[PDB]
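Contents: one structure, followed by commentary.
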């Protein structure tokens, strides 16, 4: 799949107050090399 | 003569509609087109749904 | 990313309360599923059923006060576009408009990463986020 | 465990005040026990008595303003499932 | 689908319904054929345009109880023109619910590293509907 287990694990108990919605949109961000490159361009901390 | 029997047979196969409904315009126009079909393996249910949606298109007040 | 997008409004919490209660309380009426499969976003069927859905949403928010048609996206956008304030409660109509504006803000927030350069034929936000691509397919579709 | 479940809402304090006042105020009516032993959650009996329970809860929250049928779980789930706002006032229905 | 509407659909079903439902939805399947042929086609809808327009409804359990479930009381015939409205609407009907597979490879920047033969698999519920509440009346016609 594209959506593994921890999406559902977070969505199980996420509080329903729009940070959960924005953070599911955030957790959809990719782990491509070009994704790492442009997140470093936009100063967004990747998962490393 | 045989074509009328095909029309009537398809009319009874569709729903068992009464001739009173056979006289209806939506039927009066489409029974001849349903004659040039249903001799194939197509279906019986398809004709019921077709009559449903056409009768519906007809009645838009 | 919310601080970087400068989109961090607290306007939507009261909307999310009523939407959450509607999605939680398992008393949703049966006719809504039948309407969601009769109309499918082609909107001429919706303009036919504009009074049936008026009566359903009107009673069902005005007395039961759980919001209706909060399942299908094309329904919840088509209500925001063509359904007005006439023959609906305006409180619920504001909630549908707020759901639309919330999805607008999500698209804005994670479309911060827009850089005017493509690589193969795909834009760079397509390479950024797997939610803007042609690889994810909106798991309930009606046409293609 | 509340911080671990992230479920710590303040939505319910105004409900629980009224529920506690209903359970504490010892002027509960007598017919409600009879209704709770005739209907017992099988809900066809509730669809029969859907208007009598309507008049009871409507008067009893509109004038006494204490809640009714806050003893039996199957009653208080059935009021959430089938019962309507057309029958009993909205303030009461929101507490069920 | 426009690119915007497709993206907002992905956003809706992948963020907003799971975050506000806490994973409490279910995909559904529908026999539209058996649904329409059981909801109607029997008495009032084949009346030859004279009894139809002023017709009392068939008043079956299968459909008049659905409309009573959307509205209690306030209706003389219990289907006060609403069966006419719905029947006029349903020219725009569709297929049965199908599953679709999607075999797609990734973006090329992830295709590179011994991932050329990977083939992501997506099941997508074609022409179905999201569902949130336990259906009782139409259990014959709705597969979860």
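Chains as they are written, first to last, in the deposited numbering: chain A, 962 to 1009; chain B, 23 to 83; chain C, 578 to 721; chain D, 578 to 673; chain E, 770 to 913. Every residue, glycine too, gets a C-beta built ideally from N, C-alpha and C.
Does residue i get closer than 8 Å to chain B when you measure Cβ to Cβ?
i	result
residue 808 of chain E	no
residue 867 of chain E	no
Could you say which of the options lies nearest to residue i if we only look at CA atoms?
i	options	result
residue 975 of chain A	E:792, E:780 and E:821	E:792
residue 729 of chain D	D:663, D:619 and D:671	Any question about residue 729 of chain D goes unanswered here, given that chain D covers just 578 to 673.
residue 636 of chain D	D:669, D:584 and D:623	D:669
residue 646 of chain C	C:586, C:713 and C:612	C:612
residue 680 of chain C	A:970, A:985 and A:965	A:985
residue 667 of chain C	C:694, C:618 and C:634	C:634
residue 652 of chain D	D:578, D:616, D:593 and D:585	D:616
residue 887 of chain E	E:784, E:872 and E:897	E:872
residue 801 of chain E	B:75, B:34, B:27 and B:25	B:75
residue 754 of chain C	C:699, C:689, C:678 and C:713	Since the first residue of chain C shown is 578 and the last is 721, residue 754 of chain C is not available in this structure.
residue 781 of chain E	E:805, E:907 and E:899	E:899
residue 819 of chain E	B:23, B:47, B:24 and B:35	B:47
residue 799 of chain E	E:877, E:905 and E:864	E:864
residue 600 of chain C	E:839, E:911, E:903 and E:908	E:903
residue 622 of chain C	E:811, E:862, E:815 and E:807	E:862
residue 978 of chain A	C:662, C:595 and C:590	C:590
residue 660 of chain D	E:838, E:848 and E:810	E:838
Any Cβ of chain A within less than 8 Å of the Cβ of residue i?
i	result
residue 884 of chain E	no
residue 899 of chain E	no
residue 641 of chain D	no
residue 583 of chain D	yes
residue 614 of chain C	no
residue 894 of chain E	no
residue 673 of chain C	no
residue 888 of chain E	no
residue 689 of chain C	yes
residue 787 of chain E	yes
Taking residue i and residue j to be in contact with their CB atoms under 8 Å, please state how far apart those CB atoms are, rounded to whole angstroms.
i	j	result
residue 859 of chain E	residue 895 of chain E	At roughly 20 Å, the Cβ-Cβ gap does not stay under 8 Å, so residue 859 of chain E and residue 895 of chain E are not in contact.
residue 901 of chain E	residue 788 of chain E	With a Cβ gap of about 14 Å, residue 901 of chain E and residue 788 of chain E do not count as contacting.
residue 631 of chain C	residue 665 of chain C	6 Å
residue 57 of chain B	residue 29 of chain B	5 Å
residue 706 of chain C	residue 991 of chain A	6 Å
residue 813 of chain E	residue 833 of chain E	That pair is no contact at about 11 Å.
residue 817 of chain E	residue 34 of chain B	That pair is no contact at about 17 Å.
residue 776 of chain E	residue 714 of chain C	With a Cβ gap of about 12 Å, residue 776 of chain E and residue 714 of chain C do not count as contacting.
Just checking: is the beta-carbon of residue i within a distance shorter than 8 Å of some beta-carbon in chain E?
i	result
residue 580 of chain C	no
residue 1006 of chain A	no
residue 39 of chain B	yes
residue 32 of chain B	no
residue 993 of chain A	yes
residue 53 of chain B	no
Answer with yes or no whether the minimum CB distance from residue i to chain D is below 8 Å.
i	result
residue 684 of chain C	no
residue 657 of chain C	no
residue 604 of chain C	yes
For the alpha helix (DSSP H) containing residue i, name the first residue and the last one.
i	result
residue 667 of chain D	667-672
residue 581 of chain C	579-582
residue 655 of chain C	650-658
residue 970 of chain A	966-974
residue 704 of chain C	701-705
residue 963 of chain A	Counting along the chain, residue 963 of chain A falls outside any alpha helix (DSSP H), and DSSP gives it neither H nor E.
residue 32 of chain B	24-36
residue 613 of chain D	608-615
Go to residue i, then tell me how far its beta strand (DSSP E) extends in each direction, as first and last residue.
i	result
residue 867 of chain E	867-873
residue 799 of chain E	795-799
residue 891 of chain E	889-895
residue 900 of chain E	898-900
Counting only C-beta atoms, is residue i closer than 8 Å to chain C at any point?
i	result
residue 778 of chain E	yes
residue 1001 of chain A	no
Heavy atom of the ligand PLP less than 7 Å from the Cβ of residue i, yes or no?
i	result
residue 791 of chain E	The ligand PLP is absent from the structure shown, which contains no ligand whatsoever.
Interface positions of the segment 827-859 of chain E facing chain B (Cβ-Cβ less than 7 Å), listed along the chain: Among the residues of the segment 827-859 of chain E, those with a Cβ less than 7 Å away from any Cβ of chain B are 856, 857 and 859, in the order of the chain.
Chain-ordered residues of the segment 968-982 of chain A with a beta carbon less than 8 Å from chain D: 974, 975 and 976
Chain-ordered residues of the segment 647-671 of chain D with a beta carbon less than 9 Å from chain C: For the segment 647-671 of chain D, the set of positions with a beta-carbon nearer than 9 Å to some beta-carbon of chain C reads 657, 658, 659, 661, 662, 663, 667, 670 and 671 in chain order.
Members of the segment 693-717 of chain C that neighbour chain A once the beta carbon cut-off is set at 8 Å: Across the segment 693-717 of chain C, CB contacts with chain A closer than 8 Å involve 696, 701, 704, 705, 706, 707, 708, 712 and 713, in sequence order along the chain.
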